[PDB]
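In what follows, a single structure is set out as structure tokens and then discussed.
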Amino acid sequence: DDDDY
Amino acid sequence: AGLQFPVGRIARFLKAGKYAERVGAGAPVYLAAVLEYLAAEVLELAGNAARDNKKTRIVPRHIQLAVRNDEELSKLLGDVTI
Amino acid sequence: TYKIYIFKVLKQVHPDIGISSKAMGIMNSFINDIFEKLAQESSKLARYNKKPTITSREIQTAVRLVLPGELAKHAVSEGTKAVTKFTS
């Protein structure tokens, strides 16, 4: 998982 | 100077690491403009890869593709993993 | 950290494109690595003088040595313009 900055 | 990148922390950092005992007022401006130029180059290419792949955000894969397809960025930055 | 400045530049070049947390970490590592390469190089150049002094001349040389040729040429021009706008 890689959420918005 | 036109820039978005910060000129202020550079002189302090250079003195505190003893990179030099003195820093000219032009040096931080020059250096921030160079770092901004390189960020803009990578982002523009990474964003092009995102759009080409019909994405609305840059993910690691897009930066890896951008650096890999650019001879000078690959030389400057090295391999991008994941 | 350069992340906020990288974000602002992303929005000038690609107004409609975002960036993941992991991608922004990579951008920020690139900028720190280059900073250190240019700072280290400028440190050697300035080491010739007593009272070692980093000026825009040392940065300019450091850029021409560390960056690949076409990147170096555009960066030097960007560096020069920014110091001209600041100066005048």
Side-chain angles (χ1 to χ4, degrees), chain A residues 5, chain B residues 1-46 63 66-67 70-81, chain C residues 1-10 12-13 23-88:
Chain A
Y5 160 66
Chain B
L3 302 185
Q4 298 280 179
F5 270 51
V7 182
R9 71 155 216 67
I10 292 164
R12 263 164 91 110
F13 180 94
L14 290 176
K15 254 116 55 111
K18 294 207 181 302
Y19 288 78
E21 292 196 320
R22 298 282 181 255
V23 186
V29 172
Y30 196 112
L31 179 47
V34 164
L35 300 179
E36 181 165 346
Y37 169 68
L38 300 173
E41 277 303 287
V42 178
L43 284 169
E44 192 194 297
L45 289 174
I63 289 159
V67 175
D70 186 281
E71 209 133 285
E72 285 204 348
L73 290 175
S74 288
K75 272 163 237 137
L76 172 65
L77 271 359
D79 279 305
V80 182
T81 53
Chain C
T1 160
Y2 294 99
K3 292 186 165 175
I4 190 63
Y5 310 96
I6 294 162
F7 187 84
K8 286 172 182 279
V9 169
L10 164 57
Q12 300 179 262
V13 303
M24 177 64 83
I26 294 168
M27 290 307 307
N28 183 70
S29 298
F30 291 159
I31 305 300
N32 292 319
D33 291 334
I34 303 309
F35 180 94
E36 181 58 32
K37 287 178 185 333
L38 296 179
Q40 262 316 145
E41 193 50 41
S42 299
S43 191
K44 290 196 332 87
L45 292 180
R47 207 137 71 193
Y48 307 13
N49 347 133
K50 178 18 170 274
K51 218 50 150 293
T53 303
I54 294 159
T55 71
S56 67
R57 192 52 260 204
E58 285 71 46
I59 303 308
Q60 178 154 100
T61 295
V63 168
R64 290 170 161 162
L65 299 189
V66 175
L67 268 50
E70 297 312 298
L71 284 176
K73 150 144 55 74
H74 288 85
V76 154
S77 163
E78 283 305 314
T80 294
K81 208 167 297 193
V83 167
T84 291
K85 307 254 174 302
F86 172 82
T87 284
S88 55

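Letters A, B, ... mirror the listed sequences (proteins, then strands); counts begin at 1. Excluded from the calculations below are hydrogen atoms, water molecules and symmetry mates; all remaining heavy atoms, backbone and side chain alike, are included.
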Regarding B:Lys75 and B:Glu72, does a basic nitrogen lie under 4.0 Å from an acidic carboxylate oxygen? no
Where [X] and [Y] come nearest, the two heavy atoms and their spacing:
| X | Y | result |
| --- | --- | --- |
| C:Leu45 | C:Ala62 | CD1-N, 3.7 Å |
| B:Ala66 | B:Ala46 | CB-N, 3.6 Å |
| C:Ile6 | B:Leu43 | O-CD1, 3.5 Å |
| C:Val63 | C:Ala72 | O-CB, 3.8 Å |
| B:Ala20 | C:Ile54 | CB-CD1, 3.4 Å |
| C:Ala46 | C:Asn49 | O-OD1, 3.0 Å |

Answer yes or no: is there a donor N or O on one side and an acceptor on the other, between the side chain of [X] and the main chain of [Y], under 3.5 Å?
| X | Y | value |
| --- | --- | --- |
| C:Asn32 | C:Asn28 | yes |
| B:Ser74 | B:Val67 | yes |
| C:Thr87 | C:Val83 | yes |
| B:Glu36 | B:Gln4 | yes |

Distance, nearest 0.5 Å, that separates [atom1] of [X] from [atom2] of [Y]:
| X | Y | atom1 | atom2 | result |
| --- | --- | --- | --- | --- |
| C:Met27 | C:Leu10 | CE | CG | 8.5 Å |
| C:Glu78 | B:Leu35 | CD | CG | 12.5 Å |
| C:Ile34 | C:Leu71 | CD1 | CG | 9.0 Å |
| C:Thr53 | B:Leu14 | OG1 | CG | 11.5 Å |
| C:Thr61 | C:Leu38 | OG1 | CG | 11.5 Å |
| B:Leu38 | B:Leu77 | CG | CG | 8.0 Å |

Does any part of the side chain of [Y], heavy atoms only, come nearer than 4.5 Å to the side chain of [X], both counted from C-beta?
| X | Y | answer |
| --- | --- | --- |
| C:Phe30 | B:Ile63 | yes |
| C:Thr80 | C:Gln60 | yes |
| B:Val23 | B:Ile10 | no |
| B:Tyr30 | B:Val34 | yes |

List the steps and the verdict of side-chain contact (heavy atoms from CB on, under 4.5 Å) for A:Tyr5 and C:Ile4. CA-CA 10 Å; A:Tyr5 160 66; C:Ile4 190 63; 4.1 Å; yes
Is there a side-chain contact (heavy atoms from CB on, under 4.5 Å) between C:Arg64 and C:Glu41 once you walk through the steps? CA-CA 10 Å; C:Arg64 290 170 161 162; C:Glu41 193 50 41; over 6 Å; no
Do other residues, nucleotides or ligands put more than 12 heavy atoms under 6.0 Å from the [atom1] atom of [X]?
| X | atom1 | value |
| --- | --- | --- |
| B:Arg22 | CZ | no |
| C:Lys3 | NZ | yes |
| B:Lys15 | NZ | no |

Verify the distance criterion only: is there a donor paired with an acceptor across the side chains of C:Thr55 and C:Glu58 at less than 3.5 Å?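 Result is yes, a qualifying pair exists.
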So, applying side-chain hydrogen bond (donor to acceptor under 3.5 Å, both in side chains) with B:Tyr19, which one of C:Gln40, C:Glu36, C:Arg47 is it? C:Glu36
Parallel, tilted or perpendicular: which describes the rings of C:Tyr2 and B:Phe5, with under 30° parallel and over 60° perpendicular?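 C:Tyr2 and B:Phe5: parallel rings.
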Does C:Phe35 have B:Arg9 sitting over its ring (NZ/CZ under 6.0 Å from centre, angle to axis within 45°)? yes
